[PDB]
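Report on one structure; see the data block that follows.
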Amino acid sequence: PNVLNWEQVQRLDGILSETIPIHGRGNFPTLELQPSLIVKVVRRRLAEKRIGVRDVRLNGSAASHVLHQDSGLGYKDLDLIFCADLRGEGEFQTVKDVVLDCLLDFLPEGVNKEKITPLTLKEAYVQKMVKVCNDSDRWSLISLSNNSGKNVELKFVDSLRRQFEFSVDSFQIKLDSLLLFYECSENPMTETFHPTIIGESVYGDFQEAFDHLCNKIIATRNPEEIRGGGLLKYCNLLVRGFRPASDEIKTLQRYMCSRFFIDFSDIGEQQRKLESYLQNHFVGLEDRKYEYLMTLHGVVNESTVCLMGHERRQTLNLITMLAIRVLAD
Amino acid sequence: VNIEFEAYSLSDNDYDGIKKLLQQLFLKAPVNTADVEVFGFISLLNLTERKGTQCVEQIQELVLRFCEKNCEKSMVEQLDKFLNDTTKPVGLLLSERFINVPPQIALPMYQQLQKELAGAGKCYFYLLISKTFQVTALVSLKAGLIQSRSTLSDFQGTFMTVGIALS
């Protein structure tokens with residue numbers, strides 16, 4: 001039911017055995033990391049500090065990619081979620097420490113490791129570091145950097161309120177089966193000898209979400225976590241070929257418009273979020289830039305039945321202008 | 001309650017733009033009179049107040065938005081709203097009781113925050129860019145919410161903000 005087939009498993013094994021370049025600033029080598037090695041060494045070194053880890057999973061695009069290549073969401077970034085009840089004792093700091101002392105071991109031979117502090121490793125290879133312990137949320141993040149665009153994010157999550165956006169980013173694929181396979185057998189993976197791997201979805205049933213990813217169907221639940229980007233995210237799927245399922249998008253397609261106007265009330269604000277969204281998602285793709293603004297145009301027009309035009313007319317015009325300025329260039 | 005964000009992936013003009021953002025904040029407040037670059041502020045907050053928690057909702061939301069994928073050039077624009085929107089808790093808190101201290105006052109405050117942030121009750125709100133050179137060796141944007149020991153020397157009040165400008 002949830003078990004990946006030989007194709008899906010092959011896709012998973014490929015991206016977790018890729019060697020990813022992790023570039024460093026200044027007088028530091030480039031780091032060559034295999035995602036499966038990161039999962040092993042981190043989990044072992046964490047265990048040596050008596051810090052427990054429930055499981056390790058894959059998230060977002062890479063998960064959607066292994067389940068369906070043709071979805072087009074693409075495998076661009078690797079996101080590894082370490083599920084660990086990090087309750088007390090400043091365990092969030094020892095996690096920060098363990099990751100940094102794993103980065104030390106992955107260094108190429110020929111580095112005088114004695115001059116390398118944890119802080120110098122941080123300033124060398126780390127791109128982002130986030131820690132959040134507010135209300136129901138307890139989670140940490142260490143984003144490793146790569147000059148070529150790829151982003152190897154290491155997430156340590158005790159508890160997180162909303163773990164998805166739409167149905168096609170909701171899949172999470174456990175990796176413990178795959179890692180145990182590599183230790184147990186010297187024989188390589190075949191169509192008959194491959195591990196049993198279970199896909200899960202943070203939004204309802206895996207079978208429901210898998211059929212949406214396969215038929216290209218835009219679906220979502222709990223829209224109370226919507227944002228101004230929710231409207232933009234909605235169009236990004238729609239222009240890639242995704243379609244809604246015709247089930248009460250009535251309040252939803254108004255909420256995204258309603259929440260995007262609230263989040264971006266100024267005309268200047270809207271033009272900056274739109275111009276930024278175009279280049280940060282469709283660089284060089286001026287055919288997809290145009291077709292995006294056209295899909296965003298029609299969505300805002302037909303969905304926003306809002307009687308007031310102060311937000312509608314001015315918003316609708318910013319889309320028309322940018323569609324033309326993109327076209328005429 | 002703890003919220004801590006660090007980013008070492010800023011561009012030279014991303015830093016340079018935020019420094020201008022922080023500088024107007026310095027000019028708008030009353031000014032008090034009685035290598036590395038560091039600029040920012042340290043705002044004291046009280047979490048039992050509506051204002052205290054209403055700020056956190058915006059601070060927590062800004063950090064969440066900073067956690068997005070291609071969200072890097074937007075840092076300068078997202079900060080423009082964050083700290084200059086007086087129609088919002090954080091932009092309003094920085095227009096009231098913002099004070100500019102000379103560097104002889106600011107360095108002790110920076111250094112204690114750097115200590116309190118490294119090793120695992122007063123809720124402090126900080127936003128701190130920093131440059132290490134001539135050339136530019138590293139640019140860092142740190143910003144977070146912490147509960148710790150006294151960084152203020154009894155000289156700061158609740159919802160009083162202190163400016164940092166080190167050169």
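By convention in this document, the chains of the structure tokens carry letters A, B, ... by their order, each chain's residues are numbered from 1, and ligands are numbered from 1 in the order they are shown.
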Task: Close residues, residue B:60 itself excluded, 10 Å, only C-alpha atoms, min 6 positions apart in chain, as JSON, numbers by chain - done: {"A": [132, 134], "B": [2, 3, 4, 66, 144, 145]}
Task: Exercise: residue B:163 partners within 8 Å, only C-alpha atoms, chain neighbours under 3 positions left out, as a PyMOL selection string - done: chain B and resi 26+39-42+98-101+106
Based on the selection just made, write N, CA and C atoms of those residues as a PDB file, in the first residue's frame.
ATOM      1  N   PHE B  26      18.477  54.699  13.536  1.00  0.00           N
ATOM      2  CA  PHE B  26      19.274  55.443  14.503  1.00  0.00           C
ATOM      3  C   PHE B  26      18.963  56.931  14.435  1.00  0.00           C
ATOM      4  N   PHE B  39      26.315  46.284  13.553  1.00  0.00           N
ATOM      5  CA  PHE B  39      25.207  47.226  13.612  1.00  0.00           C
ATOM      6  C   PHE B  39      23.917  46.474  13.906  1.00  0.00           C
ATOM      7  N   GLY B  40      23.038  47.103  14.673  1.00  0.00           N
ATOM      8  CA  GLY B  40      21.765  46.493  15.015  1.00  0.00           C
ATOM      9  C   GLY B  40      21.178  47.134  16.262  1.00  0.00           C
ATOM     10  N   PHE B  41      20.413  46.334  17.003  1.00  0.00           N
ATOM     11  CA  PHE B  41      19.787  46.824  18.221  1.00  0.00           C
ATOM     12  C   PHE B  41      19.470  45.651  19.137  1.00  0.00           C
ATOM     13  N   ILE B  42      19.276  45.972  20.413  1.00  0.00           N
ATOM     14  CA  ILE B  42      18.899  45.007  21.439  1.00  0.00           C
ATOM     15  C   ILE B  42      17.707  45.596  22.176  1.00  0.00           C
ATOM     16  N   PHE B  98      13.316  54.223  21.473  1.00  0.00           N
ATOM     17  CA  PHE B  98      14.573  53.804  20.866  1.00  0.00           C
ATOM     18  C   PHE B  98      15.652  54.807  21.252  1.00  0.00           C
ATOM     19  N   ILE B  99      16.768  54.314  21.787  1.00  0.00           N
ATOM     20  CA  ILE B  99      17.836  55.170  22.287  1.00  0.00           C
ATOM     21  C   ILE B  99      19.157  54.772  21.637  1.00  0.00           C
ATOM     22  N   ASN B 100      20.002  55.767  21.368  1.00  0.00           N
ATOM     23  CA  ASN B 100      21.299  55.575  20.724  1.00  0.00           C
ATOM     24  C   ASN B 100      22.403  55.784  21.748  1.00  0.00           C
ATOM     25  N   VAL B 101      23.152  54.727  22.033  1.00  0.00           N
ATOM     26  CA  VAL B 101      24.226  54.801  23.018  1.00  0.00           C
ATOM     27  C   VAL B 101      25.571  54.902  22.303  1.00  0.00           C
ATOM     28  N   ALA B 106      27.949  50.420  23.895  1.00  0.00           N
ATOM     29  CA  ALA B 106      27.413  49.358  23.049  1.00  0.00           C
ATOM     30  C   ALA B 106      28.283  48.107  23.093  1.00  0.00           C
TER      31      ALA B 106
END
- [ ] Could you jot down the atom CA of residue A:173 to atom CA of residue A:15 separation for me, Å, one decimal place?
- [x]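 Straight-line distance from atom CA of residue A:173 to atom CA of residue A:15 works out to 12.7 Å.
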TODO: With a distance threshold of 6 Å and counting only C-alpha atoms, extract the residues of chain A near chain B and express them as a list in words.
DONE: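 That gives residues 90, 127, 128, 129, 130, 131, 132, 133 and 134 of chain A for chain A.
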Please, could you write that set of residues out with N, CA and C atoms as a PDB file, in the first residue's frame?
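Result written to part-v8.pdb:
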ATOM      1  N   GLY A  90      19.441  21.435  27.205  1.00  0.00           N
ATOM      2  CA  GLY A  90      20.090  22.069  26.071  1.00  0.00           C
ATOM      3  C   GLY A  90      20.483  21.093  24.983  1.00  0.00           C
ATOM      4  N   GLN A 127      25.265  27.851   5.871  1.00  0.00           N
ATOM      5  CA  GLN A 127      24.540  28.908   5.180  1.00  0.00           C
ATOM      6  C   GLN A 127      23.436  29.515   6.032  1.00  0.00           C
ATOM      7  N   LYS A 128      22.675  28.685   6.742  1.00  0.00           N
ATOM      8  CA  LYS A 128      21.623  29.143   7.638  1.00  0.00           C
ATOM      9  C   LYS A 128      21.621  28.284   8.889  1.00  0.00           C
ATOM     10  N   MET A 129      21.142  28.872   9.980  1.00  0.00           N
ATOM     11  CA  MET A 129      20.953  28.164  11.239  1.00  0.00           C
ATOM     12  C   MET A 129      19.722  28.750  11.898  1.00  0.00           C
ATOM     13  N   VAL A 130      18.718  27.922  12.153  1.00  0.00           N
ATOM     14  CA  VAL A 130      17.483  28.382  12.771  1.00  0.00           C
ATOM     15  C   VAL A 130      17.112  27.437  13.901  1.00  0.00           C
ATOM     16  N   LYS A 131      16.664  28.010  15.016  1.00  0.00           N
ATOM     17  CA  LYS A 131      16.175  27.271  16.171  1.00  0.00           C
ATOM     18  C   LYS A 131      14.902  27.940  16.653  1.00  0.00           C
ATOM     19  N   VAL A 132      13.856  27.153  16.887  1.00  0.00           N
ATOM     20  CA  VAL A 132      12.571  27.706  17.300  1.00  0.00           C
ATOM     21  C   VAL A 132      12.017  26.856  18.436  1.00  0.00           C
ATOM     22  N   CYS A 133      11.843  27.470  19.612  1.00  0.00           N
ATOM     23  CA  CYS A 133      11.162  26.852  20.754  1.00  0.00           C
ATOM     24  C   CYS A 133      10.106  27.840  21.237  1.00  0.00           C
ATOM     25  N   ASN A 134       8.995  27.891  20.510  1.00  0.00           N
ATOM     26  CA  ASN A 134       7.877  28.756  20.848  1.00  0.00           C
ATOM     27  C   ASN A 134       6.610  27.920  20.799  1.00  0.00           C
TER      28      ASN A 134
END
Quick one: DSSP alpha helix (DSSP H) residues in stretch 34-155 of chain B, as a short mmCIF file (atom, residue, chain, number, x, y, z; two decimals) with N, CA, C and O atoms, in the first residue's frame?
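As a result, result35.cif now contains:
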data_model
loop_
_atom_site.label_atom_id
_atom_site.label_comp_id
_atom_site.auth_asym_id
_atom_site.auth_seq_id
_atom_site.Cartn_x
_atom_site.Cartn_y
_atom_site.Cartn_z
N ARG B 50 0.51 42.22 26.24
CA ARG B 50 0.03 42.05 24.87
C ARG B 50 1.08 42.50 23.86
O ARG B 50 1.35 41.79 22.88
N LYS B 51 1.66 43.68 24.08
CA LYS B 51 2.71 44.17 23.20
C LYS B 51 3.87 43.19 23.11
O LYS B 51 4.40 42.94 22.02
N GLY B 52 4.26 42.60 24.24
CA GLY B 52 5.38 41.67 24.23
C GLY B 52 5.12 40.46 23.36
O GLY B 52 5.98 40.06 22.56
N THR B 53 3.94 39.86 23.49
CA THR B 53 3.61 38.68 22.69
C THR B 53 3.20 39.03 21.27
O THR B 53 3.42 38.24 20.35
N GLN B 54 2.59 40.21 21.06
CA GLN B 54 2.25 40.62 19.70
C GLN B 54 3.51 40.84 18.87
O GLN B 54 3.50 40.59 17.65
N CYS B 55 4.59 41.30 19.50
CA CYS B 55 5.87 41.40 18.82
C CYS B 55 6.37 40.02 18.41
O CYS B 55 6.81 39.81 17.27
N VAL B 56 6.29 39.05 19.33
CA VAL B 56 6.82 37.72 19.08
C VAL B 56 6.14 37.08 17.88
O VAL B 56 6.78 36.40 17.07
N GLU B 57 4.83 37.30 17.73
CA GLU B 57 4.12 36.75 16.59
C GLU B 57 4.69 37.27 15.28
O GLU B 57 4.80 36.53 14.29
N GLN B 58 5.08 38.55 15.24
CA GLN B 58 5.71 39.08 14.04
C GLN B 58 7.15 38.61 13.91
O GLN B 58 7.59 38.25 12.81
N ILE B 59 7.90 38.60 15.01
CA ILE B 59 9.28 38.12 14.98
C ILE B 59 9.32 36.66 14.55
O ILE B 59 10.09 36.28 13.65
N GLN B 60 8.48 35.83 15.16
CA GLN B 60 8.42 34.42 14.77
C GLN B 60 8.00 34.27 13.32
O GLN B 60 8.48 33.38 12.61
N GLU B 61 7.10 35.14 12.84
CA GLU B 61 6.66 35.02 11.46
C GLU B 61 7.77 35.44 10.50
O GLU B 61 7.96 34.80 9.46
N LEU B 62 8.50 36.50 10.83
CA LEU B 62 9.60 36.93 9.97
C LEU B 62 10.66 35.85 9.84
O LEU B 62 11.17 35.61 8.74
N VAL B 63 10.99 35.18 10.94
CA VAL B 63 11.98 34.11 10.90
C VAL B 63 11.47 32.95 10.06
O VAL B 63 12.23 32.35 9.28
N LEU B 64 10.19 32.62 10.18
CA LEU B 64 9.62 31.58 9.34
C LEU B 64 9.74 31.94 7.86
O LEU B 64 10.11 31.10 7.04
N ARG B 65 9.44 33.19 7.51
CA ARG B 65 9.55 33.62 6.12
C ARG B 65 11.01 33.65 5.66
O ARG B 65 11.28 33.40 4.48
N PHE B 66 11.94 33.94 6.57
CA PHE B 66 13.36 33.87 6.23
C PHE B 66 13.82 32.45 5.98
O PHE B 66 14.86 32.24 5.35
N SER B 74 15.16 39.07 -0.92
CA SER B 74 14.01 39.63 -0.22
C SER B 74 14.32 40.04 1.21
O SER B 74 13.48 40.69 1.84
N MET B 75 15.49 39.66 1.74
CA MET B 75 15.83 40.01 3.11
C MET B 75 15.82 41.52 3.32
O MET B 75 15.33 42.01 4.35
N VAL B 76 16.35 42.27 2.36
CA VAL B 76 16.42 43.71 2.53
C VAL B 76 15.03 44.32 2.49
O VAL B 76 14.71 45.24 3.25
N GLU B 77 14.16 43.81 1.61
CA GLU B 77 12.80 44.33 1.52
C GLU B 77 11.94 43.86 2.69
O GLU B 77 11.14 44.64 3.22
N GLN B 78 12.08 42.60 3.10
CA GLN B 78 11.29 42.10 4.22
C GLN B 78 11.67 42.80 5.52
O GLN B 78 10.81 43.01 6.39
N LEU B 79 12.94 43.16 5.68
CA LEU B 79 13.34 43.93 6.85
C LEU B 79 12.82 45.36 6.79
O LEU B 79 12.55 45.96 7.83
N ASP B 80 12.68 45.91 5.58
CA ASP B 80 12.14 47.26 5.43
C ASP B 80 10.76 47.37 6.06
O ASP B 80 10.47 48.33 6.79
N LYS B 81 9.89 46.39 5.80
CA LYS B 81 8.60 46.37 6.46
C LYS B 81 8.76 46.10 7.95
O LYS B 81 8.26 46.87 8.79
N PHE B 82 9.48 45.03 8.30
CA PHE B 82 9.58 44.54 9.67
C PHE B 82 9.81 45.65 10.69
O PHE B 82 9.05 45.79 11.65
N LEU B 83 10.86 46.44 10.49
CA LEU B 83 11.28 47.40 11.50
C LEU B 83 10.83 48.83 11.22
O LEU B 83 10.96 49.69 12.10
N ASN B 84 10.27 49.11 10.04
CA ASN B 84 9.80 50.45 9.73
C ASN B 84 8.28 50.57 9.64
O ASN B 84 7.78 51.68 9.48
N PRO B 89 3.63 45.60 15.38
CA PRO B 89 4.25 45.66 16.72
C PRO B 89 5.73 46.01 16.71
O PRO B 89 6.15 46.90 17.46
N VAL B 90 6.53 45.33 15.88
CA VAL B 90 7.97 45.53 15.91
C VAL B 90 8.35 46.89 15.33
O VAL B 90 9.21 47.59 15.87
N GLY B 91 7.71 47.28 14.22
CA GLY B 91 7.95 48.61 13.68
C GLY B 91 7.48 49.72 14.60
O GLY B 91 8.04 50.83 14.57
N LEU B 92 6.46 49.45 15.41
CA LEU B 92 6.00 50.44 16.38
C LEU B 92 6.88 50.47 17.62
O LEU B 92 7.11 51.54 18.20
N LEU B 93 7.37 49.31 18.05
CA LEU B 93 8.22 49.26 19.24
C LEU B 93 9.54 49.97 19.01
O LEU B 93 10.12 50.53 19.95
N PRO B 103 29.63 54.11 21.49
CA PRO B 103 30.24 52.77 21.38
C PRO B 103 30.80 52.24 22.69
O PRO B 103 30.82 51.02 22.89
N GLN B 104 31.25 53.12 23.59
CA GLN B 104 31.73 52.67 24.90
C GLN B 104 30.63 51.98 25.71
O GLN B 104 30.93 51.19 26.60
N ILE B 105 29.37 52.28 25.41
CA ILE B 105 28.25 51.57 26.03
C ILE B 105 27.87 50.33 25.22
O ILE B 105 27.52 49.29 25.79
N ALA B 106 27.95 50.42 23.90
CA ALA B 106 27.41 49.36 23.05
C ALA B 106 28.28 48.11 23.09
O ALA B 106 27.76 46.99 23.12
N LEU B 107 29.61 48.27 23.10
CA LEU B 107 30.50 47.11 23.08
C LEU B 107 30.25 46.16 24.25
O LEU B 107 30.18 44.95 24.01
N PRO B 108 30.12 46.62 25.50
CA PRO B 108 29.79 45.67 26.58
C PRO B 108 28.48 44.93 26.35
O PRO B 108 28.37 43.75 26.70
N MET B 109 27.48 45.60 25.77
CA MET B 109 26.21 44.94 25.52
C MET B 109 26.33 43.89 24.42
O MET B 109 25.78 42.79 24.55
N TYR B 110 27.03 44.22 23.34
CA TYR B 110 27.26 43.24 22.28
C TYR B 110 27.99 42.03 22.83
O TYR B 110 27.61 40.88 22.57
N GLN B 111 29.04 42.26 23.62
CA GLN B 111 29.89 41.17 24.07
C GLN B 111 29.16 40.24 25.03
O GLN B 111 29.38 39.03 25.02
N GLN B 112 28.27 40.79 25.87
CA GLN B 112 27.52 39.91 26.76
C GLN B 112 26.47 39.12 25.99
O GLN B 112 26.25 37.93 26.27
N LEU B 113 25.80 39.75 25.02
CA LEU B 113 24.87 39.01 24.18
C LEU B 113 25.60 37.90 23.43
O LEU B 113 25.07 36.79 23.29
N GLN B 114 26.82 38.18 22.96
CA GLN B 114 27.60 37.15 22.29
C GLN B 114 27.94 36.01 23.24
O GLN B 114 28.04 34.85 22.82
N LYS B 115 28.12 36.31 24.53
CA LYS B 115 28.34 35.26 25.51
C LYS B 115 27.05 34.50 25.80
O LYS B 115 27.02 33.26 25.77
N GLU B 116 25.97 35.22 26.09
CA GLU B 116 24.71 34.57 26.45
C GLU B 116 24.17 33.71 25.32
O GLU B 116 23.47 32.72 25.57
N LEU B 117 24.50 34.05 24.07
CA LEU B 117 24.00 33.31 22.92
C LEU B 117 24.80 32.04 22.64
O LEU B 117 24.29 31.15 21.94
N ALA B 118 26.02 31.94 23.16
CA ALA B 118 26.90 30.82 22.84
C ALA B 118 26.67 29.60 23.74
O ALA B 118 26.77 28.47 23.26
#
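From atom CA of residue A:171 back to atom CA of residue A:200, the distance works out to 5.6 Å.
Going from atom CA of residue A:237 to atom CA of residue A:168 covers 9.4 Å.
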Open item on the list: I need the residue nearest residue A:63 from this list: A:311, A:291, A:269, A:169. Use only C-alpha atoms for the distance.
Closed with: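 Under the stated criterion, the closest residue is A:169.
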Non-local contacts of residue A:260 (9 Å; only C-alpha atoms; under 3 positions in same chain excluded) as a PDB file with C-alpha atoms, in the first residue's frame:
ATOM      1  CA  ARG A 227      -0.324  33.080   3.506  1.00  0.00           C
ATOM      2  CA  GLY A 228       0.141  35.654   0.781  1.00  0.00           C
ATOM      3  CA  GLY A 229       2.485  33.157  -0.841  1.00  0.00           C
ATOM      4  CA  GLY A 230      -0.376  30.664  -0.666  1.00  0.00           C
ATOM      5  CA  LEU A 231      -1.925  32.352  -3.690  1.00  0.00           C
ATOM      6  CA  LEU A 232       1.472  32.410  -5.408  1.00  0.00           C
ATOM      7  CA  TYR A 255      -8.848  33.491   0.998  1.00  0.00           C
ATOM      8  CA  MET A 256      -5.528  33.354  -0.857  1.00  0.00           C
ATOM      9  CA  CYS A 257      -6.571  36.532  -2.656  1.00  0.00           C
ATOM     10  CA  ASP A 263      -0.165  40.794   3.544  1.00  0.00           C
ATOM     11  CA  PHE A 264       0.640  43.190   0.654  1.00  0.00           C
ATOM     12  CA  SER A 265      -1.584  46.263   0.876  1.00  0.00           C
ATOM     13  CA  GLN A 270       2.782  43.964  -4.410  1.00  0.00           C
TER      14      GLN A 270
END
Open item on the list: When DSSP is applied to the backbone of this structure, which of stretch 37-91 of chain B are assigned strand (DSSP E or B)? Write them out as a ChimeraX atom specification.
Closed with: /B:37-45
Open item on the list: So that I can see what lies close to residue A:126, please list as a PyMOL selection string the residues with an atom at most 8 Å from it, counting only C-alpha atoms and leaving out residues fewer than 5 positions away in the same chain.
Closed with: (chain A and resi 121+142-145) or (chain B and resi 8)
Would you put the residues from that selection into a file with N, CA, C and O atoms, as a tab-separated table (two decimals), in the first residue's frame?
chain	number	residue	atom	x	y	z
A	121	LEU	N	34.31	26.21	11.51
A	121	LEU	CA	33.50	25.36	10.64
A	121	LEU	C	32.16	25.99	10.33
A	121	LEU	O	31.69	25.96	9.19
A	142	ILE	N	19.92	23.30	10.23
A	142	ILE	CA	21.29	23.60	9.83
A	142	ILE	C	21.36	23.42	8.33
A	142	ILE	O	21.37	22.28	7.84
A	143	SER	N	21.41	24.52	7.59
A	143	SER	CA	21.39	24.50	6.13
A	143	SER	C	22.82	24.54	5.61
A	143	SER	O	23.48	25.58	5.68
A	144	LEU	N	23.29	23.42	5.09
A	144	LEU	CA	24.60	23.37	4.45
A	144	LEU	C	24.52	24.01	3.07
A	144	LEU	O	23.47	24.00	2.42
A	145	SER	N	25.63	24.59	2.64
A	145	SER	CA	25.66	25.41	1.44
A	145	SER	C	26.33	24.68	0.28
A	145	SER	O	27.17	23.80	0.47
B	8	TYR	N	24.81	33.26	7.22
B	8	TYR	CA	26.13	33.63	6.72
B	8	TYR	C	26.17	33.74	5.20
B	8	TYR	O	27.25	33.75	4.61
Using only C-alpha atoms, which residues sit within 7 Å of stretch 146-159 of chain A once same-chain residues fewer than 3 positions away are excluded, as a compact mmCIF listing (two decimals) with N, CA and C atoms, in the first residue's frame?
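The result, written out as part-v8.txt:
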# COMPACT_ATOMS: atom_id res chain seq x y z
N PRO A 21 28.50 18.38 -3.54
CA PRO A 21 29.59 19.29 -3.14
C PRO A 21 29.07 20.32 -2.14
N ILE A 22 29.76 20.44 -1.01
CA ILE A 22 29.42 21.39 0.04
C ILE A 22 30.57 22.38 0.12
N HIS A 23 30.40 23.55 -0.48
CA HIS A 23 31.52 24.47 -0.62
C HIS A 23 31.74 25.27 0.65
N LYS A 76 15.39 19.40 -6.62
CA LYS A 76 16.36 20.48 -6.59
C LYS A 76 17.10 20.58 -5.27
N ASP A 77 16.42 20.34 -4.16
CA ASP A 77 17.03 20.41 -2.84
C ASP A 77 16.76 19.12 -2.07
N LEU A 78 17.74 18.74 -1.26
CA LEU A 78 17.63 17.58 -0.39
C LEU A 78 17.34 18.06 1.03
N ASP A 79 16.22 17.61 1.59
CA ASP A 79 15.82 17.97 2.95
C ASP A 79 15.73 16.71 3.80
N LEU A 80 16.53 16.67 4.87
CA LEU A 80 16.59 15.52 5.76
C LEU A 80 16.02 15.92 7.11
N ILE A 81 14.96 15.24 7.54
CA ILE A 81 14.32 15.52 8.82
C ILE A 81 14.71 14.44 9.81
N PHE A 82 15.36 14.86 10.88
CA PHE A 82 15.69 13.99 12.00
C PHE A 82 14.60 14.20 13.04
N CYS A 83 13.76 13.20 13.23
CA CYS A 83 12.69 13.28 14.22
C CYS A 83 13.25 12.82 15.56
N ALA A 84 13.36 13.74 16.51
CA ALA A 84 13.97 13.46 17.81
C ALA A 84 13.25 14.26 18.88
N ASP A 85 12.75 13.57 19.90
CA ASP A 85 12.21 14.28 21.05
C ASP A 85 13.35 14.89 21.85
N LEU A 86 13.77 16.09 21.47
CA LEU A 86 14.85 16.80 22.15
C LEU A 86 14.22 17.62 23.26
N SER A 136 3.84 25.29 20.81
CA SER A 136 3.82 23.88 20.44
C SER A 136 4.98 23.47 19.55
N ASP A 137 5.78 24.42 19.06
CA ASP A 137 6.84 24.13 18.10
C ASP A 137 8.19 24.00 18.79
N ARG A 138 8.89 22.91 18.50
CA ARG A 138 10.26 22.68 18.95
C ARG A 138 11.06 22.07 17.81
N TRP A 139 11.90 22.88 17.16
CA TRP A 139 12.66 22.37 16.03
C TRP A 139 13.86 23.24 15.69
N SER A 140 14.83 22.62 15.02
CA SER A 140 16.12 23.22 14.72
C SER A 140 16.47 22.94 13.26
N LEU A 141 17.48 23.65 12.76
CA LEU A 141 17.79 23.63 11.34
C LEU A 141 19.24 24.03 11.12
N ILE A 142 19.92 23.30 10.23
CA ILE A 142 21.29 23.60 9.83
C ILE A 142 21.36 23.42 8.33
N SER A 143 21.41 24.52 7.59
CA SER A 143 21.39 24.50 6.13
C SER A 143 22.82 24.54 5.61
Nearby residues (only C-alpha atoms) at most 9 Å from residue A:294, same-chain spacing under 4 positions excluded, as a short mmCIF file (atom, residue, chain, number, x, y, z; two decimals) with N, CA, C and O atoms, in the first residue's frame:
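File out17.cif, as written:
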data_model
loop_
_atom_site.label_atom_id
_atom_site.label_comp_id
_atom_site.auth_asym_id
_atom_site.auth_seq_id
_atom_site.Cartn_x
_atom_site.Cartn_y
_atom_site.Cartn_z
N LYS A 289 7.61 32.89 -17.29
CA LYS A 289 7.29 34.14 -16.59
C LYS A 289 5.99 34.73 -17.12
O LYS A 289 5.12 35.15 -16.35
N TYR A 290 5.86 34.79 -18.45
CA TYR A 290 4.64 35.32 -19.04
C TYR A 290 3.44 34.45 -18.70
O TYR A 290 2.42 34.94 -18.19
N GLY A 298 -5.68 35.54 -14.31
CA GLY A 298 -7.01 34.95 -14.39
C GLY A 298 -7.52 34.44 -13.05
O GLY A 298 -8.71 34.52 -12.77
N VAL A 299 -6.62 33.91 -12.22
CA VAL A 299 -7.04 33.41 -10.91
C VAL A 299 -7.55 34.57 -10.05
O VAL A 299 -8.64 34.50 -9.48
N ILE A 319 -0.41 43.12 -12.60
CA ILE A 319 -0.22 41.90 -13.36
C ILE A 319 -0.20 42.21 -14.85
O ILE A 319 0.62 41.66 -15.61
N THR A 320 -1.09 43.10 -15.31
CA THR A 320 -1.14 43.43 -16.73
C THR A 320 0.13 44.14 -17.18
O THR A 320 0.67 43.82 -18.25
N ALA A 323 3.07 41.64 -17.21
CA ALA A 323 2.91 40.71 -18.32
C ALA A 323 3.38 41.34 -19.63
O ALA A 323 3.94 40.64 -20.49
#
